[PDB]
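Visitor: Sharing a structure below in structure tokens format, with a few things to ask.
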Amino acid sequence: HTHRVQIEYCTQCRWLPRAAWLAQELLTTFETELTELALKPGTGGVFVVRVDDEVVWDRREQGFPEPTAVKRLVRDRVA
Amino acid sequence: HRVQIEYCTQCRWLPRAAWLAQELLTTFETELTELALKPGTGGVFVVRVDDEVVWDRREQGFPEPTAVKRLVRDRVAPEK
């Protein structure tokens, strides 16, 4: 466990459940490479995934975080 | 306010850890800066609030939502 992942979801948009889901998807696939995964309540329309402080996925740029797509971008950062 | 949940990875406790995270984040969304899930060793299941352990499985058993939410409110901000 050496890398950290963070998911910032828009709280008002009731996106906690999908954030939680993604957290489970990522933690189950990268449990051995992640030191921890954090959920950060966000402002409005916000839904971003960060790996080691670096943004890897932004909703209003790449759309909905499809598991596969986002898991591939997260893996590259933890080859 | 930062909360952390360390669950035993080998025990396949990710799902229950994720559930609790949702329970706590939905009740304390306005008081928490973030809630983290930390994969743990064996049989481990503890909840921490501001680095302070508030719930430990092999001491208080399964993290019943109400019980644990009350202890978390106690650290964060004692309201109803």
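In the structure tokens, the first chain shown is A, the next is B, and so on; residue numbers restart at 1 for each chain, and ligands run from 1 in the order shown.
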Identify, on the basis of only C-alpha atoms, every residue whose closest approach to residue 62 (chain B) does not exceed 12 Å; exclude the query and any residue fewer than 6 positions from it along the same chain; express the result as a list in words.

Guide: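 Using only C-alpha atoms, the neighbours found are residues 7, 13, 16, 17, 20, 43, 44, 45, 46, 47, 55, 56 and 68 of chain B.
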
Visitor: For residue 30 (chain A), work out the shell of residues within 9 Å, counting only C-alpha atoms and skipping chain neighbours fewer than 2 positions away, then give it as an MDAnalysis selection string.

Guide: chainID A and resid 25:28 32:34 71 74:75 78

Visitor: Using DSSP on the backbone, list every residue of chain B that comes out as strand (DSSP E or B), and give them as a PyMOL selection string.

Guide: chain B and resi 2-8+34-40+45-49+52-56

Visitor: Please produce a file of those selected residues containing N, CA, C and O atoms, as an mmCIF file, in the first residue's frame.

Guide:
```cif
data_model
loop_
_atom_site.group_PDB
_atom_site.id
_atom_site.type_symbol
_atom_site.label_atom_id
_atom_site.label_comp_id
_atom_site.auth_asym_id
_atom_site.auth_seq_id
_atom_site.Cartn_x
_atom_site.Cartn_y
_atom_site.Cartn_z
ATOM 1 N N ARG B 2 -12.325 14.652 9.707
ATOM 2 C CA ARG B 2 -11.907 13.514 8.919
ATOM 3 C C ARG B 2 -12.201 12.228 9.677
ATOM 4 O O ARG B 2 -11.809 12.081 10.832
ATOM 5 N N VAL B 3 -12.899 11.308 9.018
ATOM 6 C CA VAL B 3 -13.252 10.000 9.571
ATOM 7 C C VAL B 3 -12.528 8.950 8.742
ATOM 8 O O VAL B 3 -12.339 9.108 7.544
ATOM 9 N N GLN B 4 -12.137 7.859 9.368
ATOM 10 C CA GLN B 4 -11.443 6.816 8.640
ATOM 11 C C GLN B 4 -11.981 5.454 9.074
ATOM 12 O O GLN B 4 -12.286 5.246 10.249
ATOM 13 N N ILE B 5 -12.102 4.535 8.124
ATOM 14 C CA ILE B 5 -12.595 3.196 8.413
ATOM 15 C C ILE B 5 -11.583 2.202 7.908
ATOM 16 O O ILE B 5 -11.308 2.157 6.719
ATOM 17 N N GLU B 6 -11.012 1.409 8.801
ATOM 18 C CA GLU B 6 -10.037 0.409 8.384
ATOM 19 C C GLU B 6 -10.715 -0.961 8.482
ATOM 20 O O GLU B 6 -11.070 -1.405 9.572
ATOM 21 N N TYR B 7 -10.902 -1.611 7.336
ATOM 22 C CA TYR B 7 -11.562 -2.928 7.243
ATOM 23 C C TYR B 7 -10.616 -4.048 6.802
ATOM 24 O O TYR B 7 -9.752 -3.822 5.962
ATOM 25 N N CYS B 8 -10.800 -5.255 7.332
ATOM 26 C CA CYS B 8 -9.946 -6.381 6.954
ATOM 27 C C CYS B 8 -10.254 -6.747 5.515
ATOM 28 O O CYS B 8 -11.371 -7.137 5.182
ATOM 29 N N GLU B 34 -13.870 14.766 4.786
ATOM 30 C CA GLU B 34 -13.730 13.548 3.988
ATOM 31 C C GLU B 34 -13.746 12.309 4.858
ATOM 32 O O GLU B 34 -13.515 12.378 6.061
ATOM 33 N N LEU B 35 -14.050 11.177 4.240
ATOM 34 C CA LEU B 35 -14.098 9.913 4.942
ATOM 35 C C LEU B 35 -13.238 8.959 4.141
ATOM 36 O O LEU B 35 -13.440 8.798 2.940
ATOM 37 N N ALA B 36 -12.271 8.330 4.783
ATOM 38 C CA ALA B 36 -11.398 7.427 4.052
ATOM 39 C C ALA B 36 -11.552 5.959 4.416
ATOM 40 O O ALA B 36 -11.905 5.620 5.541
ATOM 41 N N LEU B 37 -11.284 5.088 3.453
ATOM 42 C CA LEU B 37 -11.369 3.647 3.678
ATOM 43 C C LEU B 37 -9.945 3.126 3.558
ATOM 44 O O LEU B 37 -9.304 3.297 2.518
ATOM 45 N N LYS B 38 -9.434 2.523 4.625
ATOM 46 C CA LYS B 38 -8.073 1.993 4.607
ATOM 47 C C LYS B 38 -8.075 0.479 4.698
ATOM 48 O O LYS B 38 -8.532 -0.084 5.688
ATOM 49 N N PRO B 39 -7.569 -0.205 3.654
ATOM 50 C CA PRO B 39 -7.534 -1.674 3.680
ATOM 51 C C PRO B 39 -6.678 -2.113 4.858
ATOM 52 O O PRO B 39 -5.607 -1.558 5.087
ATOM 53 N N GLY B 40 -7.162 -3.097 5.601
ATOM 54 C CA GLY B 40 -6.440 -3.574 6.761
ATOM 55 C C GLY B 40 -6.001 -5.023 6.701
ATOM 56 O O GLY B 40 -6.307 -5.744 5.749
ATOM 57 N N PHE B 45 -11.407 -4.102 12.009
ATOM 58 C CA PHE B 45 -12.512 -3.258 11.589
ATOM 59 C C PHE B 45 -12.665 -2.147 12.599
ATOM 60 O O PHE B 45 -13.366 -2.307 13.582
ATOM 61 N N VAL B 46 -12.007 -1.017 12.363
ATOM 62 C CA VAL B 46 -12.087 0.093 13.307
ATOM 63 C C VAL B 46 -12.463 1.411 12.654
ATOM 64 O O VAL B 46 -12.140 1.659 11.500
ATOM 65 N N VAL B 47 -13.194 2.234 13.393
ATOM 66 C CA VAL B 47 -13.609 3.534 12.897
ATOM 67 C C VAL B 47 -12.855 4.575 13.704
ATOM 68 O O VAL B 47 -12.811 4.494 14.926
ATOM 69 N N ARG B 48 -12.253 5.542 13.019
ATOM 70 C CA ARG B 48 -11.497 6.611 13.674
ATOM 71 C C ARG B 48 -12.067 7.981 13.336
ATOM 72 O O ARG B 48 -12.475 8.220 12.208
ATOM 73 N N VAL B 49 -12.107 8.884 14.310
ATOM 74 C CA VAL B 49 -12.591 10.242 14.064
ATOM 75 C C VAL B 49 -11.471 11.150 14.537
ATOM 76 O O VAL B 49 -11.134 11.169 15.718
ATOM 77 N N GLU B 52 -8.586 9.606 16.316
ATOM 78 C CA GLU B 52 -8.980 8.908 17.537
ATOM 79 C C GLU B 52 -9.937 7.747 17.285
ATOM 80 O O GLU B 52 -10.995 7.928 16.690
ATOM 81 N N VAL B 53 -9.568 6.554 17.739
ATOM 82 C CA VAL B 53 -10.426 5.393 17.537
ATOM 83 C C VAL B 53 -11.724 5.514 18.334
ATOM 84 O O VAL B 53 -11.708 5.716 19.546
ATOM 85 N N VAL B 54 -12.842 5.405 17.627
ATOM 86 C CA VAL B 54 -14.164 5.523 18.214
ATOM 87 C C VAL B 54 -14.902 4.189 18.246
ATOM 88 O O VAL B 54 -15.831 3.996 19.041
ATOM 89 N N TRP B 55 -14.497 3.265 17.384
ATOM 90 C CA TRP B 55 -15.130 1.961 17.364
ATOM 91 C C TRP B 55 -14.160 0.903 16.922
ATOM 92 O O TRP B 55 -13.486 1.069 15.913
ATOM 93 N N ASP B 56 -14.082 -0.178 17.690
ATOM 94 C CA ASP B 56 -13.196 -1.296 17.370
ATOM 95 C C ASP B 56 -14.019 -2.585 17.435
ATOM 96 O O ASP B 56 -14.628 -2.889 18.458
#
```

Visitor: So that each row is one residue of chain A with an atom at most 10 Å from chain B, can you give its shortest atom pair and the distance in Å to one decimal, using only C-alpha atoms, rows by chain and rising number, as CSV?

Guide:
```
residue,atom,partner,partner_atom,distance
A:1,CA,B:39,CA,8.5
A:4,CA,B:38,CA,9.7
A:5,CA,B:36,CA,9.5
A:6,CA,B:36,CA,8.5
A:7,CA,B:34,CA,9.5
A:8,CA,B:34,CA,8.9
A:11,CA,B:29,CA,7.6
A:14,CA,B:26,CA,9.3
A:16,CA,B:22,CA,6.9
A:17,CA,B:22,CA,7.0
A:19,CA,B:22,CA,9.2
A:20,CA,B:18,CA,6.3
A:21,CA,B:18,CA,7.9
A:23,CA,B:18,CA,7.7
A:24,CA,B:18,CA,6.7
A:25,CA,B:14,CA,9.8
A:27,CA,B:14,CA,7.8
A:28,CA,B:14,CA,7.6
A:31,CA,B:39,CA,6.7
A:32,CA,B:39,CA,8.3
A:33,CA,B:39,CA,9.9
A:34,CA,B:39,CA,7.8
A:35,CA,B:38,CA,6.3
A:36,CA,B:38,CA,4.3
A:37,CA,B:37,CA,5.3
A:38,CA,B:36,CA,3.9
A:39,CA,B:35,CA,5.3
A:40,CA,B:34,CA,4.3
A:41,CA,B:34,CA,6.4
A:42,CA,B:33,CA,9.2
```

Visitor: For a quick check of understanding, using only C-alpha atoms, which of A:79, A:51, A:46, A:22 has the smallest distance to residue 66 (chain A)?

Guide: A:22

Visitor: Of the residues B:71, B:41, B:76, B:64, which is the one nearest to residue 1 (chain B), using only C-alpha atoms?

Guide: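 Closest candidate: B:76.
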
Visitor: Could you pull out all residues of chain B with a DSSP call of helix (DSSP H, G or I) and give them as a PyMOL selection string?

Guide: chain B and resi 14-27+57-60+65-75

Visitor: Select, from A:48, A:77, A:29, A:68, the residue with the minimum atom-to-atom distance to residue 3 (chain A), counting only C-alpha atoms.

Guide: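 The closest residue to residue 3 (chain A) is A:77.
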